[PDB]
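Engineer: What follows is a single structure, and I will ask about it in a moment.
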Amino acid sequence: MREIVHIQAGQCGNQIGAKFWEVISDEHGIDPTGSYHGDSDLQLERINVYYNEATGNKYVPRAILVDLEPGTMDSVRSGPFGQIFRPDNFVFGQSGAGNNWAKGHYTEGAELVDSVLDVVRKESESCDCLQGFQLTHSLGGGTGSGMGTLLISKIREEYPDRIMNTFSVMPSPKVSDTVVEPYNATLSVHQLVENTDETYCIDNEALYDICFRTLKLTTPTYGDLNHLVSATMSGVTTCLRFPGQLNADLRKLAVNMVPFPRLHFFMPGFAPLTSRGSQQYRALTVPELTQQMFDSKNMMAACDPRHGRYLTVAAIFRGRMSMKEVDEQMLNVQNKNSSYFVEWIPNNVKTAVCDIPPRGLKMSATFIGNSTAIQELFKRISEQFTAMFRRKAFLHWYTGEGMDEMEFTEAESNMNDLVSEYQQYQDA
Amino acid sequence: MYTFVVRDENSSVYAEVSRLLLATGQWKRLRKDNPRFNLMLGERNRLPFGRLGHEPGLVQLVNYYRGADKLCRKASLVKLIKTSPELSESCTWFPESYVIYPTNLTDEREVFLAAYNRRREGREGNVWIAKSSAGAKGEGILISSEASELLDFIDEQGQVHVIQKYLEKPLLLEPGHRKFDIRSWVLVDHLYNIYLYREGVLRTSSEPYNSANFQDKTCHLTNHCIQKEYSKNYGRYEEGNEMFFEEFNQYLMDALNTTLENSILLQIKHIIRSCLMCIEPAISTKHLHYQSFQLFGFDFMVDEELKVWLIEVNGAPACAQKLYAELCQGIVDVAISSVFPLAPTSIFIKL
Amino acid sequence: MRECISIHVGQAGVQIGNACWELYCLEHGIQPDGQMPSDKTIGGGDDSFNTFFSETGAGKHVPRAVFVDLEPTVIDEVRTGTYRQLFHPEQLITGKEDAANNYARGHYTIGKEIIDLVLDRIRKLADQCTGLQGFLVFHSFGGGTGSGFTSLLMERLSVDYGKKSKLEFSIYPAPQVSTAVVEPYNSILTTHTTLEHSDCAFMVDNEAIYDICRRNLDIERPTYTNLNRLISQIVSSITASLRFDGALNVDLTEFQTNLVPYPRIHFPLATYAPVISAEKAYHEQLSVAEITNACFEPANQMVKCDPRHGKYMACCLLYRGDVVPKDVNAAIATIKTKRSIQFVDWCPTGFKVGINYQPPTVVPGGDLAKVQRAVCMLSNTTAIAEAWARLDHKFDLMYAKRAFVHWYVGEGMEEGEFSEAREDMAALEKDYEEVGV
Amino acid sequence: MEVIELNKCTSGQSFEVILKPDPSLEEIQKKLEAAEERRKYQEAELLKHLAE
Ligand SMILES: C=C1C[C@H](C)C[C@@H]2CC=C[C@@H](C/C=C\C(=O)O[C@H]([C@@H](O)/C=C/[C@@H]3CC(C)=CCO3)C[C@@H]3O[C@H]3[C@@H](O)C1)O2
Ligand SMILES: C/C(=C\c1csc(C)n1)[C@@H]1C[C@@H]2O[C@@H]2CCC[C@H](C)[C@H](O)[C@@H](C)C(=O)C(C)(C)[C@@H](O)CC(=O)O1
Ligand SMILES: Nc1nc2c(ncn2[C@@H]2O[C@H](COP(=O)(O)OP(=O)(O)OP(=O)(O)O)[C@@H](O)[C@H]2O)c(=O)[nH]1
Ligand SMILES: Nc1ncnc2c1ncn2[C@@H]1O[C@H](COP(=O)(O)OP(=O)(O)CP(=O)(O)O)[C@@H](O)[C@H]1O
Ligand SMILES: Nc1nc2c(ncn2[C@@H]2O[C@H](COP(=O)(O)OP(=O)(O)O)[C@@H](O)[C@H]2O)c(=O)[nH]1
Ligand SMILES: [Ca+2]
Ligand SMILES: [Ca+2]
Ligand SMILES: [Mg+2]
Ligand SMILES: [Mg+2]
Ligand SMILES: [Mg+2]
Ligand SMILES: [Mg+2]
């Protein structure tokens, strides 16, 4: 039993986090009551990775819910699985963070942070052997962004030798709440570069385009975007959740995926994605999973992999199919497009297969790539950042919480350094 | 879409093969150090055979046979002929040869002297030739009738040399009274089929053969490199000192009442077969995890009785300019596409 | 009689260990409860099988084995398995969290904490021995425990038991079945640190076992279970001379004497024949000449390489089943005319032959068909250096960019150890070359 | 070819056929401790930086 402790923070973090627990609970046969109802023992084998067994005989998510206002969390409690979470694991303030990194990080957030850590500690002590943490949040607002990174800093100080993992939603003007999103994202990215082991970059821009183009949805909602995220999150955590040889825990995944400590920002992918409605009934051929999965169109970081090179790739296939075919198709992709995989990391593509498929599908594939093309994301955000920062636009919201210009200048330098580092290895 | 890499830039033959592969529109060249290749056009020296055949999902093919150097180095060839039962000391198509290590370094000095003295006393022609693998083109060769000058020449050097009876009665092309040697191109594929290229080339001397002067090595050495420099008649009879098979054949018919097929080629085919069959067990990739093919250049000498002699075997041979197109296409058709298929009047003779 | 203690480290080591002891029990007629009916000396003995099994007054036959792993899920399978009754708790040692495919984590960070306990448990077994001979160490190259903890164990075994011999069975890394990008690092780190301390090591490349399984057992995609049952047969044929009446390879010292003249070059190549699918309706039964000839087919080797292009320092043939010397001598002569076999000038061209009349035992419901005769060849050939060359090259590609290095330095290892270990391998590659020429 | 050292028993036969003719405990302890100290120092630097 190697336990993972889950934290969701802010509006985006809690909404996406709530959906993730819905999806995986279903997969593990746990109902909103926390009582199990499953056909397969495989379901219960590694349940303790994400769930506690508080009393006979319910499973309680090792999940902590965090926000600076109560609305989204209240809504979570109303949601279908709301009763599943531990009531003590709800930690909220009243003020809100006003889409302001400084409020989350320095003022409002600082007031509430110790309260969160008390619960985190309470969960951690009850771990036979703790793996580390995963955080869901956006980088565009204040709570998930500013208070989220603050938490991560405090958690690292308290557990310096655990793996810290995050699913981070990057902002894009296509799905935008406010103009200060680039400021908040740039400040946050710097914290992540320093203090996380694995970050899955979920681009709202990519999520939107996948909804607009591939799924033929003229008007996508956050609900449509979140279904993509919960599907992807279910897929990337399959190896932790089910019995398996490969990437079976956080540290082992990090060792395989991350050749340089700062470059730990991954592009996830999912397959299949199919527009309604005629085509959905046919099951997909293993070749089809593979080809869609490596498709740029299926990428959720909104970067073109053909623009860069892969350092490492992890694939996952579920469920009932041929490992022989899985191996053959996987080997086909690398062999036909070998320029796109650095030659200085031999055999950098690892593949896992799990028997249990996701709900509503006969089979599926999840892709996780450490590509140097990820630099396009940070570049896009760096551009938007300096456009406003040249004229010191909207800065008063931040200086008013005690920050000064220097910290912004430092954050932008560090992200530009991050972009340079990626460029270095694309050329090597 | 088949992939391949190129690790010998100075290869005349395979660069043409490379260019051809691209034109197919089904072959993609890769960076030379990328291991996910189907085909390797490898380096001449220290090709990493040990790294082939361990790439899952790739059938791998290289353009050399590991081990083939036993036939293609001078000292090794002599050794191989003397110690292989199926070739044997009593072999009739290979010149009496002896392996001689310079004294500043087993060796067959006293065995060579033993036969040299037998020839001197018996009034028999006693001219020998010394050479080695380090013979950079036209240099590194001494022709003499005195054993003292031969052994003294070898000691001044630093690598292994061979002493080979020099054939004193070559067949002479007329007009010109001139020496020649025949080059045959042989392609051995991954199944160990032995394919002899239809076209050969006679590399001719342009200076009349002179048995009273083994000092001036221009009428004695047929090496094109030598003729294009020291000979003042270079290109008088044939373009670039190269006679091809149609002409040579016509000549043998006109002058000797025999054909190229009957008087010479039968013996050439026999020799090529004998050499390659001998090392087949040593180098066959029939059950290996990777597969080999290789193009060889066999060098022959004809004497005045129309008997063919093996001079040397080349592991990385060039072609004759006018034959590059044809042979290279053949290499593709029978060596490469046989293993990796693309989507009547062969140019080869299957031995 | 001199006892042998078996030590299985990491997932690969423990799972392979499990397969071998199952086979050992089938071979010696030992029941899962550990009762061996045919053993008329109850409560003790000094028969040949006793070198591997000790006895309890109650009649139980207990493997002289220690299982070690940094995570408990694999050893829990043993604890709870078909042969759980055989072993006792002091024999099985687990940790809370593993080495994460990180040599330095297994060697330094986690190894330091558990090494003393492992030695103590080994000491308990050795105290049971009247004349301990040495150790057989089963482990993977690629895993963090298999590479890192094993190297530390080897250093300390040389200290607590200086006189004793140590043999290795090492799983060489293969991408078809591999779990980590950094296996080449771990392999070279462990090989550098273990070179002094090992007397003889049998490498098994997972690539070769995998292909044999696909080719001859007709398994579409072999599992570790398929792989291990095949590997355990090779291990059994290698250790049969220790567990049975015989005159060849009777003790651990004989392995070094017969297979390793040059101490650094202590990796003999294993070739096994025949491997025949159980599902095959009928198969013709191979002769002594055919299986012996098959020993010289690269497809039957534990490591793929070309012995034709190397030199032999030693050759050893171990037959099981219906074999007589005259057939063996006849077969060798024929092979000698056909196959290409060069020895070094300073060693005799010859074979040491061992024959055991009992044909190979097979696991019921396994993928391996019962056969009347079989042979394993152990040859010390320079060709096995091909495997090092492949490893070193992959190491070199990654190390040049320092990819993944921070994981090791982060556990307390210095960068210098990487280059130090690679230097050692460069020297080893040269040693084979000088001998191989 | 020559046969030698033939030894027979009920279980089987064996013979030859000739075709032609260290770190001390203290040192180990020191190395493990040196790695542990290096680990401690990196973590101290981390916490120091975090304290900032
Ligand atoms: C069928 C193909 C091309 C060949 C036949 C398939 C070949 C075999 C198996 C997988 C594919 C690679 C997978 C997807 C793919 O190529 O999608 C492309 C576009 O997304 C570009 C993807 C590349 C592929 C790779 C491997 C690295 C960089 O990104 C989009 C390609 O248009 C889609 C389709 O034409 C892909 O390569
Ligand atoms: C059922 C799906 C694919 C599929 C199944 S069979 C086939 C040929 N394709 C995927 C399911 C993936 O988990 C992701 C769900 C994403 C949901 C959508 C964003 C959206 O909410 C949904 C309402 C849709 O747009 C469709 C109904 C069209 C959805 O099925 C599209 C899709 O590919 O989902
Ligand atoms: N043949 C065979 N190889 C195995 C087996 N288990 C693991 N391996 C191989 O061993 C390497 C992985 O090392 P492991 O033994 O699993 O790892 P470990 O020694 O337990 O070390 P950590 O996981 O880091 O604690 C890979 O190359 C695997 O292919 C097995 O049961 N049989
Ligand atoms: N025994 C012999 N009798 C007569 N002439 C001989 C001879 N040996 C060599 N020659 C002549 O000397 C020339 C030298 O060619 P040789 O085969 O000795 O070296 P080479 O230049 O061919 C090396 P490589 O083919 O490997 O590049 C031949 O072309 C041949 O005409
Ligand atoms: N994908 C997704 N993005 C969201 C969701 N809610 C908010 N966002 C994005 O998150 C950013 C806003 O920050 P938010 O998390 O709402 O603020 P916070 O409560 O202060 O952490 C913007 O980039 C929004 O586009 C959601 O449910 N799904
Ligand atoms: Ca307040
Ligand atoms: Ca007894
Ligand atoms: Mg908000
Ligand atoms: Mg909001
Ligand atoms: Mg020549
Ligand atoms: Mg393990």
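Each Cβ is built from the backbone N, Cα and C atoms, and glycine gets one as well.
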Engineer: C:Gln11, C:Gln31, C:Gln285: which one does Swiss-Prot list with C:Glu71, C:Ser140, C:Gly144, C:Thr145, C:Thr179, C:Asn206, C:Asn228 for the GTP site?
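Structural biologist: According to Swiss-Prot, the candidate sharing the GTP site with C:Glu71, C:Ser140, C:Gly144, C:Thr145, C:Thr179, C:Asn206, C:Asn228 is C:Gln11.
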Engineer: Which of the recorded positions C:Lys40, C:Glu71, C:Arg339 have a Cβ lying under 8 Å from any Cβ of chain B?
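Structural biologist: Near chain B - Cβ to Cβ under 8 Å - we find C:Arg339.
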Engineer: Of these recorded positions, C:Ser140, C:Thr145, C:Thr179, C:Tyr282, which are close to chain A by the rule of a Cβ under 8 Å away?
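Structural biologist: Cβ contacts with A, in sequence order: C:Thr179.
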Engineer: Within 10 Å of each Cβ, count the other Cβ atoms and name the one among the recorded positions C:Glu71, C:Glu254 with the highest count.
Structural biologist: C:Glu71
Engineer: Near C:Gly144 (GTP binding site), which residues of its own chain have a C-beta under 8 A away, given they sit six or more steps off in sequence?
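Structural biologist: Residues satisfying the criterion: C:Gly10, C:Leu70, C:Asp98, C:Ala99, C:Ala100, C:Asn101, C:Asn102, C:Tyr103, C:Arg105, C:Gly106, C:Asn186.
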Engineer: Are there residues of the same chain, six or more positions away from C:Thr145 (GTP binding site), whose CB falls under 8 angstroms from its CB, and which are they?
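Structural biologist: In sequence order, the residues whose Cβ lies under 8 Å from that of C:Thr145 (GTP binding site) (at least 6 apart) are C:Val9, C:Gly10, C:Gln11, C:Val68, C:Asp69, C:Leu70, C:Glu71, C:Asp98, C:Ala99, C:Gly106, C:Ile110, C:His139.
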Engineer: Among the recorded positions C:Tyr282, C:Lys326, C:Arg339, which have a Cβ atom lying under 6 Å from any atom of ligand 11?
Structural biologist: none
Engineer: If you measure every Cα to Cα pair among C:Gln11, C:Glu71, C:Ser140, C:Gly144, C:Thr145, C:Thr179, C:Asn206, C:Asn228, the residues listed for GTP, what is the largest value in Å?
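Structural biologist: Answer in Å: the longest Cα-Cα distance is 22.
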Engineer: Tally every other Cβ atom lying within 10 Å of the Cβ atom of C:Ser232 (phosphoserine).
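Structural biologist: Summing over all protein chains shown, C:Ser232 (phosphoserine) has 21 other Cβ atoms within 10 Å.
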Engineer: How big is the Cα-to-Cα gap, in Å, between C:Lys370 (ubiquitin cross-link) and C:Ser232 (phosphoserine)?
Structural biologist: 15
Engineer: To the nearest Å, how far is the Cα of C:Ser140 (GTP binding site) from the Cα of C:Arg339 (omega-N-methylarginine)?
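Structural biologist: Cα to Cα, C:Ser140 (GTP binding site) and C:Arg339 (omega-N-methylarginine) are separated by 33 Å.
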